[PDB]
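Beneath this line is the structure, given in structure tokens, with notes to follow.
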Amino acid sequence: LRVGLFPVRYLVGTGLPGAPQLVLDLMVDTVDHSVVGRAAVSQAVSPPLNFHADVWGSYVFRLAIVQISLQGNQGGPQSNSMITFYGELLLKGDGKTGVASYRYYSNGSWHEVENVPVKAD
């Protein structure tokens, strides 16, 4: 589905110094409505956050909001490794920007980031 296939990068975070930053190098099949890629999470604080997990999921356009629900781990969906990531992007009908929430797992603990801005590229 190369025609339906195409990549997209989502920067999820406020961008404030010391604030968490999510980068989403993902891919979108507009046929299967599937989503897959990598999730790098960093806050640039003490100690530096370096969360990386293969993330997969799907998107649902709704009348106009584009809702993407994503989940992630070490290896992707055929791996039995524990889920270390949940994210939901509620992009606007244009898809360029929008609000979003995500949870990454670190040090035996879940870290929740709610209502942070999203930009592509």
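The chains in the structure tokens are called A, B, ... from first to last as shown; in each chain the residues are counted from 1, and the ligands are counted from 1 in the order shown.
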Looking only at the backbone, which of the residues in chain A does DSSP tag as strand (DSSP E), as a PyMOL selection string? chain A and resi 7-12+21-29+34-42+51-62+65-73+85-92+97-106+109-120
I'd like the neighbourhood of region 94-96 of chain A as a PyMOL selection string, where a residue qualifies if any of its atoms comes within 9 Å (using only C-alpha atoms), though same-chain residues fewer than 5 positions away should be ignored. chain A and resi 64-66+118-121
Using only C-alpha atoms, which residues sit within 6 Å of region 32-35 of chain A once same-chain residues fewer than 3 positions away are excluded, as a count of residues only? 7
Distance query residue 44 (chain A) at most 10 Å, only C-alpha atoms, self and fewer than 5 positions along chain excluded, as a list in words: residues 17, 18, 19, 20, 21, 49 and 50 of chain A
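The coordinates place CA of residue 36 (chain A) at 17.3 Å from CA of residue 101 (chain A).
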Write out as a VMD selection string each polymer residue whose atoms come within 8 Å of residue 23 (chain A), counting only C-alpha atoms; drop sequence neighbours fewer than 4 positions from it. chain A and resid 9 to 12 39 to 41
Contact residues around residue 86 (chain A) with only C-alpha atoms at 10 Å, ignoring same-chain residues under 2 positions, as a PDB file with N, CA, C and O atoms, in the first residue's frame:
ATOM      1  N   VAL A  55       6.213   1.944  18.849  1.00  0.00           N
ATOM      2  CA  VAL A  55       4.786   2.274  19.138  1.00  0.00           C
ATOM      3  C   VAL A  55       3.925   1.960  17.912  1.00  0.00           C
ATOM      4  O   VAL A  55       4.332   2.326  16.793  1.00  0.00           O
ATOM      5  N   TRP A  56       2.783   1.301  18.125  1.00  0.00           N
ATOM      6  CA  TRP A  56       1.848   0.993  17.012  1.00  0.00           C
ATOM      7  C   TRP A  56       0.431   1.382  17.443  1.00  0.00           C
ATOM      8  O   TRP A  56       0.210   1.553  18.656  1.00  0.00           O
ATOM      9  N   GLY A  57      -0.487   1.518  16.483  1.00  0.00           N
ATOM     10  CA  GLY A  57      -1.877   1.886  16.807  1.00  0.00           C
ATOM     11  C   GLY A  57      -2.675   2.220  15.561  1.00  0.00           C
ATOM     12  O   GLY A  57      -2.346   1.679  14.489  1.00  0.00           O
ATOM     13  N   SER A  69      -4.964   6.755  18.309  1.00  0.00           N
ATOM     14  CA  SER A  69      -4.688   6.054  19.590  1.00  0.00           C
ATOM     15  C   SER A  69      -3.468   5.151  19.393  1.00  0.00           C
ATOM     16  O   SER A  69      -3.503   4.320  18.466  1.00  0.00           O
ATOM     17  N   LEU A  70      -2.432   5.309  20.221  1.00  0.00           N
ATOM     18  CA  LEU A  70      -1.178   4.537  20.005  1.00  0.00           C
ATOM     19  C   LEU A  70      -0.738   3.828  21.290  1.00  0.00           C
ATOM     20  O   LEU A  70      -0.975   4.383  22.379  1.00  0.00           O
ATOM     21  N   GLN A  71      -0.120   2.652  21.156  1.00  0.00           N
ATOM     22  CA  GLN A  71       0.419   1.913  22.330  1.00  0.00           C
ATOM     23  C   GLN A  71       1.826   1.443  21.959  1.00  0.00           C
ATOM     24  O   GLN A  71       2.066   1.236  20.756  1.00  0.00           O
ATOM     25  N   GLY A  72       2.721   1.280  22.937  1.00  0.00           N
ATOM     26  CA  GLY A  72       4.098   0.938  22.581  1.00  0.00           C
ATOM     27  C   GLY A  72       4.841   0.074  23.592  1.00  0.00           C
ATOM     28  O   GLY A  72       4.479   0.029  24.771  1.00  0.00           O
ATOM     29  N   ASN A  73       5.972  -0.507  23.141  1.00  0.00           N
ATOM     30  CA  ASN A  73       6.819  -1.405  23.952  1.00  0.00           C
ATOM     31  C   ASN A  73       8.231  -1.575  23.376  1.00  0.00           C
ATOM     32  O   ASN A  73       8.658  -0.830  22.490  1.00  0.00           O
ATOM     33  N   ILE A  83       3.899  -3.518  28.002  1.00  0.00           N
ATOM     34  CA  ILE A  83       3.523  -2.234  27.447  1.00  0.00           C
ATOM     35  C   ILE A  83       4.120  -1.134  28.297  1.00  0.00           C
ATOM     36  O   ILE A  83       3.903  -1.075  29.511  1.00  0.00           O
ATOM     37  N   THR A  84       4.877  -0.254  27.667  1.00  0.00           N
ATOM     38  CA  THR A  84       5.511   0.832  28.386  1.00  0.00           C
ATOM     39  C   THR A  84       4.995   2.169  27.893  1.00  0.00           C
ATOM     40  O   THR A  84       5.459   3.208  28.366  1.00  0.00           O
ATOM     41  N   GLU A  88      -2.500   9.221  23.050  1.00  0.00           N
ATOM     42  CA  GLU A  88      -3.677   9.548  22.234  1.00  0.00           C
ATOM     43  C   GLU A  88      -3.491  10.951  21.667  1.00  0.00           C
ATOM     44  O   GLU A  88      -3.444  11.919  22.435  1.00  0.00           O
ATOM     45  N   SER A 101      -2.289  13.430  24.851  1.00  0.00           N
ATOM     46  CA  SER A 101      -1.864  12.874  26.129  1.00  0.00           C
ATOM     47  C   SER A 101      -1.111  11.562  25.913  1.00  0.00           C
ATOM     48  O   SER A 101      -1.449  10.778  25.019  1.00  0.00           O
ATOM     49  N   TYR A 102      -0.107  11.307  26.757  1.00  0.00           N
ATOM     50  CA  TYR A 102       0.709  10.076  26.589  1.00  0.00           C
ATOM     51  C   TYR A 102       1.296   9.624  27.930  1.00  0.00           C
ATOM     52  O   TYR A 102       1.516  10.478  28.810  1.00  0.00           O
ATOM     53  N   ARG A 103       1.538   8.319  28.069  1.00  0.00           N
ATOM     54  CA  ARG A 103       2.149   7.771  29.307  1.00  0.00           C
ATOM     55  C   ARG A 103       3.332   6.888  28.910  1.00  0.00           C
ATOM     56  O   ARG A 103       3.119   5.946  28.124  1.00  0.00           O
ATOM     57  N   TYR A 104       4.527   7.187  29.421  1.00  0.00           N
ATOM     58  CA  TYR A 104       5.706   6.328  29.141  1.00  0.00           C
ATOM     59  C   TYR A 104       6.132   5.641  30.439  1.00  0.00           C
ATOM     60  O   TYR A 104       5.939   6.227  31.521  1.00  0.00           O
ATOM     61  N   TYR A 105       6.651   4.414  30.346  1.00  0.00           N
ATOM     62  CA  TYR A 105       7.007   3.657  31.574  1.00  0.00           C
ATOM     63  C   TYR A 105       8.506   3.796  31.847  1.00  0.00           C
ATOM     64  O   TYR A 105       9.304   3.599  30.911  1.00  0.00           O
ATOM     65  N   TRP A 110       4.816   4.402  35.861  1.00  0.00           N
ATOM     66  CA  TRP A 110       4.167   5.036  34.685  1.00  0.00           C
ATOM     67  C   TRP A 110       4.208   6.555  34.856  1.00  0.00           C
ATOM     68  O   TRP A 110       3.889   7.033  35.960  1.00  0.00           O
ATOM     69  N   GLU A 112       2.685  10.149  33.417  1.00  0.00           N
ATOM     70  CA  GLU A 112       1.564  10.629  32.563  1.00  0.00           C
ATOM     71  C   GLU A 112       1.760  12.083  32.132  1.00  0.00           C
ATOM     72  O   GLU A 112       2.056  12.921  33.004  1.00  0.00           O
TER      73      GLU A 112
END
Tell me which protein, DNA and RNA residues are within 9 Å of residue 74 (chain A), counting only C-alpha atoms, leaving out same-chain ones fewer than 3 positions away, and put them as a ChimeraX atom specification. /A:52-55,77,79-84
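Taking CA of residue 48 (chain A) and CA of residue 108 (chain A) as endpoints, the distance between them is 16.1 Å.
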Using only C-alpha atoms, the shortest atom-to-atom distance to residue 31 (chain A) among A:16, A:45, A:60, A:8 belongs to A:60
Have a look at CA of residue 107 (chain A) and CA of residue 43 (chain A) and let me know their distance in Å, one decimal. 14.7 Å
